[PDB]
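In listed order, ligands and their atoms are each counted from 1. Atom set for the values below is all heavy atoms of this structure, side chains included, hydrogens, waters and symmetry mates excluded. A, B, ... follow the sequence lines: proteins, then strands. Residue 1 opens every chain.
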Amino acid sequence: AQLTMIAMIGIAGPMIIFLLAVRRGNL
Amino acid sequence: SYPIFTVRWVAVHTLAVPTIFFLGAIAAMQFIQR
Amino acid sequence: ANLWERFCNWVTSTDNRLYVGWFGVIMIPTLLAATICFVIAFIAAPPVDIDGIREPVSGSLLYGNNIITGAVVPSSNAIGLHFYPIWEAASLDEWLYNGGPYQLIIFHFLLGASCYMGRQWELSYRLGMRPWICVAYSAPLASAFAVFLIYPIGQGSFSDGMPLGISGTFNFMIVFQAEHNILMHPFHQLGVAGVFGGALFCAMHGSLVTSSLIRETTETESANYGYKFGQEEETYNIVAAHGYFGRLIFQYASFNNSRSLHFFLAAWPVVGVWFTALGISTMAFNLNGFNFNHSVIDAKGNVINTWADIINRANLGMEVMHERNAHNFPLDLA
Amino acid sequence: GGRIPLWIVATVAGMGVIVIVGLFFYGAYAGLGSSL
Amino acid sequence: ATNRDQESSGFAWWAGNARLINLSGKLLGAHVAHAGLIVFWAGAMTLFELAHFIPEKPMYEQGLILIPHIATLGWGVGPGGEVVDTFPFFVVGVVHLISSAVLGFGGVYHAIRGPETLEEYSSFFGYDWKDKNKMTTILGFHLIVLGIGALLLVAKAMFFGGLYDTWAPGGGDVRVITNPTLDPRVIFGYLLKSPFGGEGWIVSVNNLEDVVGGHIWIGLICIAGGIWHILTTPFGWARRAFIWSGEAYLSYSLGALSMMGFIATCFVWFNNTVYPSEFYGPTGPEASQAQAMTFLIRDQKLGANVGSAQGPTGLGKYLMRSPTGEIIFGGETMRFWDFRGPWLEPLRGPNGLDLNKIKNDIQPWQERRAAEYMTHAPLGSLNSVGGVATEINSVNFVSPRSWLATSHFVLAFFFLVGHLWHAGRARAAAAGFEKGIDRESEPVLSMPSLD
Amino acid sequence: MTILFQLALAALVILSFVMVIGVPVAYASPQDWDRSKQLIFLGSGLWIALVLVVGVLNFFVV
Amino acid sequence: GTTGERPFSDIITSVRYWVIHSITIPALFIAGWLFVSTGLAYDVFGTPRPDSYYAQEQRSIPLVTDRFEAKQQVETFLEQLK
Amino acid sequence: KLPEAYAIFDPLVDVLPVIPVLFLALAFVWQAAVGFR
Amino acid sequence: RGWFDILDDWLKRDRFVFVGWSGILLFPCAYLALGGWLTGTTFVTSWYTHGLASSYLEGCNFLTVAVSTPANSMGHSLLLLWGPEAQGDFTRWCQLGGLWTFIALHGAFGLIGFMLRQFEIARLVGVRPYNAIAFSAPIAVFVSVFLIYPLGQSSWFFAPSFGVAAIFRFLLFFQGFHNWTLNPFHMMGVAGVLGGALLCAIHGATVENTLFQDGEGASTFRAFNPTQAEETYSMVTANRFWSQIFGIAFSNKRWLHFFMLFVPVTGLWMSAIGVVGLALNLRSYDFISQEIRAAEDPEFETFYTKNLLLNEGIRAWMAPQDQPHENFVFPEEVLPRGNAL
Ligand code: CLA
Ligand code: CLA
Ligand code: CLA
Ligand code: CLA
Ligand code: CLA
Ligand SMILES: CC1=C(/C=C/C(C)=C/C=C/C(C)=C/C=C/C=C(C)/C=C/C=C(C)/C=C/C2=C(C)CCCC2(C)C)C(C)(C)CCC1
Ligand SMILES: CC1=C(/C=C/C(C)=C/C=C/C(C)=C/C=C/C=C(C)/C=C/C=C(C)/C=C/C2=C(C)CCCC2(C)C)C(C)(C)CCC1
Ligand SMILES: CC1=C(/C=C/C(C)=C/C=C/C(C)=C/C=C/C=C(C)/C=C/C=C(C)/C=C/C2=C(C)CCCC2(C)C)C(C)(C)CCC1
Ligand SMILES: CC1=C(/C=C/C(C)=C/C=C/C(C)=C/C=C/C=C(C)/C=C/C=C(C)/C=C/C2=C(C)CCCC2(C)C)C(C)(C)CCC1
Ligand SMILES: CCCCCCCCCCCCO[C@@H]1O[C@H](CO)[C@@H](O[C@H]2O[C@H](CO)[C@@H](O)[C@H](O)[C@H]2O)[C@H](O)[C@H]1O
Ligand SMILES: CCCCCCCCCCCCCCCCCC(=O)O
Ligand code: OEX
Ligand SMILES: [Cl-]
Ligand SMILES: [Cl-]
Ligand SMILES: [Fe+2]
C-alpha cells in the first residue's frame, strides 16, 4: 500500500512536467 | 555515420554488465533470512 | 580633520604594512593576550587538576615535558562550564592549580580568530576584491570552535576541550573514538574525503601547471624566473594541461575552464571540513557514529563478528582505561 | 537520435538508483545483518 | 519567460532564484509556496507521529519531536505528563495540513499566473528595495503579527487551559498561570545574566510565571516597535550605517536566524522547564545526576554511610563540595552540580543536598525516576542504537534532545555561512565590484607599495 | 455513516490529487484559459465543501 | 573536438538503444538475482550459509592453522559441519 | 494511533512527510526539462 | 611499415579512452584489482582466515564488507590459484584468502601501469612529466603499507584488509601497538596532507575572489576562454591582500604551483618512511626520560603517560579476537581497567 501511494506521489511531479512539455506550456 | 563496436564500447560494457549483475544479486540478498 | 576622523582614517588605511581595520582593533589585543599567556604557560605553568580529582597533570616544559608532551592543560572538571577569570580566584596559585590559563587563552583566541575572519572580509572590501576568502576560512575556524567550545558545552565541562598540546591532542582524539566511534561517523568520513582529496587536488593542480609551464628560461636557470610579478600574460598553457589530463582519464573529466577549476579546488576541502566540524559539534550532543555491534547473527543466534566488532574491542580498551580514577559508577554519561 | 528526451531518461534513471539504494537500506533493517 | 535564462538575467540556473530579486510578484509567490511547505511538513509529520504513537510508552522512547511541543502547551496530557487524549494532536496535524494546501495554492498562483511585478498593480503591495520608508513599513507589519503570536501564547497560558508545569506541586501537571511576572528587573535581568555555567543567560528560565511575563513583554514591545517602524523612516546614522538592498536585508536575517538556532540548541539541551523531561527525556546533566542518585540509593539501602564514604581519589564517593561549598553529588557528575529538577529538589537544603533528607526521605517515585533517567540518558548512535558507543545492539533509542540539538546546530552554522556569503556579496555589489576587478581601474595599482 | 465518512474522505483525497495535477498545468498553459478557470474555481469550492463535510462528520463516526 | 565515437546522449536518447537494453538490462539483473536465490553463490565462493558457521554445539571458529594442509583442514571443517 | 475512522488511510500518512524533499527534486526535473537555460 | 610500428599506431590512436603501450599492463591489472574487490566484498567470506563475516551475502553493509587478509599460517605465501595451498581449487582459494594477494598484486602492477600511462601521455602531447613524478607519493604509500609492512611482520594477515571498517581497525591497531601518532614521520605526513588541503582551499578561494571582470554576467564562469592569453585573476591584488592580512604572500606563480606539488607529495613520502620503520616494530613508542621519571615518582603525569595507558587497554582488549591464531585466553581478572568501568 505504501509503495503504491508513494509511487503515485512521485509520478505526479514528473507528470506535471511531462504534460506541460507535451502541451508547449510556459515552463 | 558511426561504428557501433569500439574500444569505448568494450570499456563501457566491461564495467556496466557486471554492475547490473551484482546489483541484482545484492537486491536478492536483501530478502535472505537467517 | 578632527581627531576621530584622523583616527578612523588610520585604522582603515590600506597603506599600513599590516591592515588593522575595525575587526583588527579587537583581533590585535585579544590575539596578543592569548599568545603571551600561551607561551608563558607552555614554558612555566605548574600542574593542573584537569579531571577535578586532585590529580594534577604536568603540562609545562619546566615541569618535565618536552615539545611533544607539553601542553596547556584544560581547566578542572570541578569548574565545569563556569567562567573562571583570574579575578574569580583567591590567588594566582589557585588559578594555576585549577587551570585558568586554558580558559583565558581559548576565549581570547576564539574571539581573535573570529575577528581575523571579519578582517579578511574588511580588507577585501577596502581593496575592491570579491568577498568570500573569509568563507573559505570559516571551515578551520568552525573546527576550532567545535573542539574548544562546542564539545565542552555539550559535555558540560571545559575539561573535555582539546588540550593545547601535541600529545594532548592525541589523547583527545583517542577518547573521542572510544566514546563516539567517530571513525564510523559519516561526517568524519566526509572530512577525510575533504582532506585526502584536498591534498590530492593540490598535488594534481600543482603538477599540471608545472608540467605546462611555457619555456622562458635555460636549463641552468630556475624555471620560476620565467614569470615576472604582475605580468599580463598567463605563464602556462592550460590548453596543453587539459589535453594531457583529458587523455589521462577522458576528455570530459578534465576542466578546460580555469575559473571552474579553482572554484572546485576551493569547494572540495572547504565543504569536507565544514562537515567534519559539524561531526565534532554534533557528537558534542552524543549523536554518535554507526553502531553495528553484533549486527550479524547466524541461524541459531550465534554472533558472527565483523570488522565493526573488532573496532568495538579496541574502543572498549580505550573506554575502560581512560581517566582511570575519575569514574565511580558503571556508565560514562558525559 | 533524440526520440526519447534526455530529461526523461535522467529522471527515470535517478528514480531507479533511488529505489535500489532505498531497498538496500530496507535490507539494513531486515533479514541478514539486522541484529535481530 | 521573462528573465528565465542566464543571458537575460545574468544568473546561472544553479543561482536561478536570484533572478527574482526585482520581480516582486513571483518572489511573493515563492515565499508563499515555501511557507506552504513549512505548514505542510508540520501537519504531515504530526499525523505520522500520531499514527505511530503508543500512548503508554514515554514520548521520548518513540522518536517524537512535535507531539512533545503540543503537550508542553497543556494539550492532551494530564498529571505527570500522561497522555489522556490524542485528539488535540490529531487536530493540530489536520488543521496545519489543510492550511498548507491553501498556502500552496496561493504561492503557485503568485509564482506562475499572477502579475510578475506588483508595482503597477498596486503601490501598497509593490515595493522598491531602496525605499527605506516602505521597507520599514513592511517590517512593522510583520512585527505586529509576531507580537500577536507571543500574546497568543500568553492567552493559551492564562485563559485557555494553561501550560504543562513540570514544577507543579504534586509531580507535574497542567496549570493555569494567573500571576505572570511583570517585574522588568526580573525579565531583563535574565538578558543581563552571564551565559556561563551556573548562570545560563535566558536558558535558565525555570518557571512559567517568568515565561508568561516575558512573552507579555515581547508581544507588547513588538507591537510598539512595529507601530514605530510603520510611522517612521530610518534616521541618518542608520542610513549611513547599513547597506540598503534586498540581498543585504536577507543577510541581516541570516545572521539573526543563525543566532536563534544556536540559542535553541542550548535551550533544548539544558532547559527542562519549557522542554519538560516527561516529554523530551532527561537532559544530559539530569541523567548523570540520576546515576549518582540511583547508586547512592542502592548502596545506602545495603547499609553504606554515604555521607562519609571516601572515594578512590579522596573525594566523597557519593557526596562532595562544589568550589563554593555546596553539597553535591560526587564522581564525574561534579560538573553538573548546577542541574535542578523536580525529582531532586526535595533533597536540597540551604547548603545543598541534605544528608538527613537523603537518609530518611527519598521516595519510591524519586528512586524510579532516577533509574528511568539514568537509563534514558541522551546517548546513542546514528542508526539509533541507544547507549554508549561500545554498547551492543538491542535498545532502539536516540533522545529527542540529541536529535533537536544536532539538527539545529547544523542549521545555525550553515546559516552563519549564509550570513557571511550574502553580507559580503551585498557589500561588493553595492560598491560595484561583485563581478570582479575592473582591468583599467584596478584599485591596488594606484596604491603606494607596502615596501 | 462509517463508510459514508470514508467515502467522503476518499473523495477529498482523489480531488486533491486531481487539483494538484491540474492547477499548475492550467496555470502554465495560457491557451487553456477559458474552461480551465471555471474548472479550477469549481474544484476549489468543492474541495472546501468536502473539507467542511469531513470535520463535521468526523464527530458522527468516531 | 571529438574522437569520432557516437555521442552518449545521442545513443541513450535513441529508440534502438532502449529496444536492446529493455531486454538486456533486466536479463542481467535477473541473472544476478537468481545467482543468489538459487544458492549457487554459496557453492561457487565457499561462503557459509546462516546455518553453516558452526556445528550445533560448537562455538570455536574453524581457523586454518597449517599452510600446506589448509585445503584439507577446510574440507575437514566442512565435514564436521555435517 | 489515529482515530479508528481514519485507519484505512494509515499507509498514506506513513508517506506524506517526504513530499517536501520531492519538491526539491522536482525543481531539478523541471530545469532538466528546460535544459538548464 | 613493420608490425611493431603498425601496433604502435593503433595503440596511440586518438580515441575516447587512450590505450597506449602502458594500457596493455594497466587495463587488465586495474580491472582485475577493482573487480576482485567488488567480487570479494559481494560474495566472499573471512570465516576461515579471521573468524569474520565480510560480504554483502553474509549480511555486512558497505562500511563493514572487506576482502580480508589471508590466515597468519599462510606466512607471506603468494597464494597463487595454481599454488600448493589452493592447488587450483577456486573455492578453496577464495576461502583461504587468495583474493587478498590477487588484489594486492594486480593493484600494484596497475599502479605501475598508470604511472607509465602518465609518462607516455606526457611524452605524446609534449608536456613535462611532473604529474607522473607527483604520483610517486601514492605508489610509495601503497608499497610501504600493503607490501613492505606485512613483509616485515609475521605474514600478510597484518596488512590492511581492503575495506572501510578494516582500515579503521588498521588505524586503531597502529595506535595501540605502535603508538603511531607519536612518530615524527607520521607527524610530517599529517602536516603534508593538512597543509595540502589548506593550500588547495586558499588558492582556489584567492583566485575566485581576485578574478578580473571579463563579462557582464553575475555568474563569472562564462567570462573565461581557454585560448585567451591574459591572466584571469589579479596576482598583484592577491599579493597585496595576503601581504597585509598574513604578513607574507606569494609573488611568483610558478613557485606557488610547484609548492602545491611539493607539500602533499613530501608529506606522503615521509609517512611511507615511518611505516617502513614500523614494519620492523622500530617505533617511536616511548620517551625514556619520562618513563624513568614516572617509574620513580608516582605523582608525575603527562598526556604522554595517559596515552600509554590507553594503548595498554587497546592491546589487552582487542588482541584475543584480532589475532585468533595466538589462541589468547585473557582471564577477566588480568584485563587492565580503571575504576568502575
Ligand atoms: C533564507 C535563506 C536563504 C535565502 C532566501 C537565500 C537566497 C539566495 N541565495 Mg543564499 N544561502 C543560504 C540561505 C539563503 N539563501 C545559506 C544558509 C547558505 C550557506 C550554505 C547560502 C549560500 C549561498 C551561495 C553560496 C549562493 C547563494 C545564492 C543565493 C541566491 C540563489 C539561490 C538559488 O537559486 O539556489 C538554487 C538551489 C540549489 C542549487 C539547490 C542547493 C541544494 C543544497 C546545496 C543541498 C540541500 C540538502 C538538503 C537540505 C538535504 C538533502 C537530503 C539528501 C542528502 C538525501 C538567492 C538570492 C547564490 C547567489 O549569490 O546569488 C546571488 C550563491 O551563489 N546562497
Ligand atoms: C522552495 C523552493 C523554491 C521555490 C518556491 C521557487 C520558486 C520559483 N523559482 Mg526557483 N529554484 C529552486 C527552488 C525554488 N524555486 C531550486 C532548488 C532551484 C535550483 C534547481 C531553482 C532554480 C530556479 C531557476 C533557474 C529559475 C527559478 C525560478 C523561479 C520562479 C518561477 C518558476 C517558474 O517559472 O516555474 C515554471 C515551472 C512550471 C510551470 C512547472 C510547474 C511548476 C509548478 C509550480 C509545480 C507546483 C506543483 C504543486 C504540487 C501544485 C500544488 C497546487 C495545489 C495547492 C492546488 C518561482 C518564483 C525562475 C525565475 O526566477 O523566473 C523569473 C527561474 O528562471 N528557480
Ligand atoms: C503574505 C502573503 C500574501 C500577500 C502579501 C498577498 C498579496 C496579494 N495577493 Mg495573494 N494570496 C495569498 C497570499 C498573499 N497574497 C494566498 C495564501 C493565496 C491563496 C488563497 C492568495 C491568492 C490570491 C489571488 C487568487 C489573488 C491574490 C491577489 C493579491 C493582491 C491583492 C490582495 C488584496 O487586495 O487583498 C484583499 C484582502 C483580503 C481579501 C483579506 C485578506 C485577509 C485574510 C483573508 C485573513 C486575515 C489575514 C491573516 C493574517 C491570515 C493569516 C494566515 C496565516 C495562517 C498564514 C496582492 C498583491 C490578487 C492579484 O494578484 O490581483 C492581480 C488575486 O487575484 N492573491
Ligand atoms: C525584527 C526586528 C527589528 C528590526 C530588524 C529593526 C530594524 C531597525 N530599527 Mg527597529 N525596533 C524593533 C524591531 C526591529 N527593528 C522593535 C521591536 C522596537 C521597539 C523597542 C524597535 C525600536 C526602534 C527605534 C526606537 C529605532 C529603531 C531603528 C531601527 C533601524 C536601526 C537598527 C539598528 O541600528 O540596529 C543596530 C543596533 C544598534 C546600532 C544599537 C545597539 C547595538 C548593540 C551594541 C548590540 C548589542 C548586541 C549584544 C551585546 C550581543 C548579544 C545580543 C543579546 C543581548 C540578545 C533599523 C531599520 C532606529 C531607526 O532609525 O528608526 C527610525 C531607531 O531609532 N528601532
Ligand atoms: C598484463 C596482464 C597481467 C599481469 C601483469 C598479471 C600478473 C599476475 N597475475 Mg593476473 N591475469 C591476467 C592478466 C595479468 N596478470 C588476466 C587477463 C587474467 C584472466 C585470464 C588473469 C588471471 C589471474 C589469476 C586467476 C591469477 C593471476 C595471478 C597473477 C600473478 C602471478 C602471475 C604468474 O605467476 O604468471 C607467470 C607467467 C609468466 C611470467 C608468463 C611467462 C611467459 C613466457 C614467455 C613463457 C616461457 C615458457 C613457456 C613454457 C612458453 C612455452 C612455449 C612453447 C613450449 C609452446 C601476477 C601478479 C595469480 C595471483 O594473483 O595469485 C594471487 C592468480 O592466481 N592472474
Ligand atoms: C513554485 C515552484 C516550486 C515550488 C512549489 C511549491 C513549494 C509548492 C507547494 C505546494 C503545496 C504546499 C501543496 C500542498 C498540498 C496540500 C494538500 C493537497 C493537502 C491535502 C490534504 C488532505 C487531502 C488531507 C486528508 C486527510 C485528512 C483530512 C484527515 C487525515 C487523513 C488524510 C491525510 C487523508 C518548485 C520548487 C517546484 C520549482 C518551480 C516553481
Ligand atoms: C520571551 C521570554 C523572555 C524575555 C525575552 C526578552 C525580553 C528578550 C529581549 C531580547 C532583546 C531585547 C534582544 C536584542 C537584541 C539586539 C541585537 C542582537 C542587536 C544587534 C546589533 C547589531 C547586529 C549591530 C551591528 C552593527 C554594529 C555593532 C556596529 C555598526 C554597524 C552595525 C549596525 C552593523 C524571558 C527570558 C524573560 C523568559 C523566557 C521568555
Ligand atoms: C497532502 C496530500 C496530498 C498531496 C500530494 C502532493 C502535494 C504531492 C506532490 C508531489 C510532488 C511534488 C512530487 C515530486 C516528485 C519529484 C521527483 C520524482 C523528482 C525526481 C528527480 C530526479 C530523479 C532527478 C534526477 C536528475 C535530473 C532530473 C537531472 C540531473 C540528474 C539527476 C539524475 C539528478 C495528496 C494529493 C497525495 C492527497 C493526500 C494528502
Ligand atoms: C576476481 C576474479 C576474476 C575477475 C572478476 C571481475 C573482473 C569482476 C568484476 C566485477 C564487477 C565489475 C562488479 C561490479 C559491481 C558493481 C556494483 C556492485 C555497483 C554498485 C553501485 C552502487 C551501489 C552505487 C550507488 C550510487 C549511489 C549511492 C549514489 C550515487 C549514484 C550511485 C549509483 C553511484 C576472474 C574472473 C579473473 C577470476 C579470478 C577472480
Ligand atoms: C554601546 C552603544 C553604542 C552604540 C549605540 C548606538 C549609537 C547610535 C547613534 C550614534 C550615532 C553615530 O553617528 C555617526 O557618528 C559618526 C562619527 O562621528 C559619523 O561619522 C562621520 O564623521 C566622522 C568624523 O567624526 C568621519 O570619520 C566619518 O567618515 C563620517 O561618516 C556618522 O556619520 C554618524 O552617523
Ligand atoms: C603475466 C601474465 C600472467 C597471466 C596469468 C593468468 C593466470 C590464469 C590462470 C588460470 C588457470 C589456473 C590453473 C588452474 C589449475 C592449476 C592446478 C594446479 O596444478 O595447481
Ligand atoms: O573528563 Mn575527559 O572524558 Ca568526557 O566521557 Mn565522562 O567526562 Mn571524562 O569520562 Mn569519558
Ligand atoms: Cl585519559
Ligand atoms: Cl562517575
Ligand atoms: Fe592555480
Counting only heavy atoms on the protein side, is anything nearer than 4.0 Å to [atom]?
atom                     : value
atom 4 (C) of ligand 10  : no
atom 35 (O) of ligand 10 : yes
atom 17 (C) of ligand 10 : yes

Exercise. Taking everything shown except C/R126 itself, do over 12 heavy atoms lie less than 6.0 Å from its CZ?
Worked result: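 Yes, because the 6.0 Å sphere around CZ of C/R126 holds more than 12 heavy atoms from other groups.
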Problem set entry | N-O pairing of E/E442 and I/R240 below 4.0 Å |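 The answer is no: the pair does not qualify as a salt bridge.
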Exercise. When you check the gap from the basic side-chain N to the acidic O, do I/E231 and C/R259 get nearer than 4.0 Å?
Worked result: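 A salt bridge is absent here (no side-chain N lies under 4.0 Å from a carboxylate O).
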Exercise. Do you see a donor-acceptor pair shorter than 3.5 Å between the side chains of C/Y244 and I/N131?
Worked result: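 Yes, a side-chain donor-acceptor pair sits under 3.5 Å.
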For this session: Report yes or no: do C/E122 and C/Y19 form a side-chain donor-acceptor pair below 3.5 Å?
Result: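 Judged by distance alone, the side chains do pair up.
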For this session: For the pair C/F329 and E/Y318, name the ring-plane relationship: parallel under 30°, tilted 30 to 60°, perpendicular over 60°.
Result: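 C/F329 and E/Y318: tilted rings.
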Exercise. Under 30°, 30 to 60°, or over 60°: which ring-plane class applies to C/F264 and C/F255, parallel, tilted or perpendicular?
Worked result: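 Aromatic pair C/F264/C/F255 classed tilted.
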For this session: Establish, for the pair E/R439 and I/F212, whether the NZ or CZ atom is under 6.0 angstrom from the six-membered ring centre and no further than 45 degrees off its axis.
Result: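 Positive - E/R439 is close enough to the ring of I/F212 and near enough to its axis.
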Exercise. Cationic tip of I/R254 within the cone over C/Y227's six-membered ring, i.e. under 6.0 Å and within 45° of the normal?
Worked result: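 Pair I/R254/C/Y227 does not count as cation-pi.
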For this session: State whether the shortest distance between N or O atoms of C/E5 and N or O atoms of ligand 10 falls below 3.5 angstrom.
Result: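 So ligand 10 has no N or O lying under 3.5 Å from an N or O of C/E5.
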For this session: Show all protein N/O/S atoms under 2.8 Å from the Fe ion (ligand 15), or state that there are none.
Result: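 The answer, once waters are left aside, is C/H205 NE2, C/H262 NE2, I/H203 NE2, I/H257 NE2.
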How far is [atom] from its nearest protein heavy atom, and which residue and atom name does that atom have?
atom                     : answer
atom 23 (C) of ligand 10 : C/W4 CD1, 4.3 Å
atom 12 (C) of ligand 10 : E/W237 CB, 4.3 Å
atom 24 (C) of ligand 10 : C/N2 ND2, 3.5 Å
atom 31 (O) of ligand 10 : E/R240 CD, 4.9 Å

For this session: Output the distance between atom CG (E/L353) and atom CZ (E/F329), rounded to the nearest 0.5 Å.
Result: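 Interatomic distance, E/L353 CG to E/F329 CZ, rounded to 0.5 Å: 5.0 Å.
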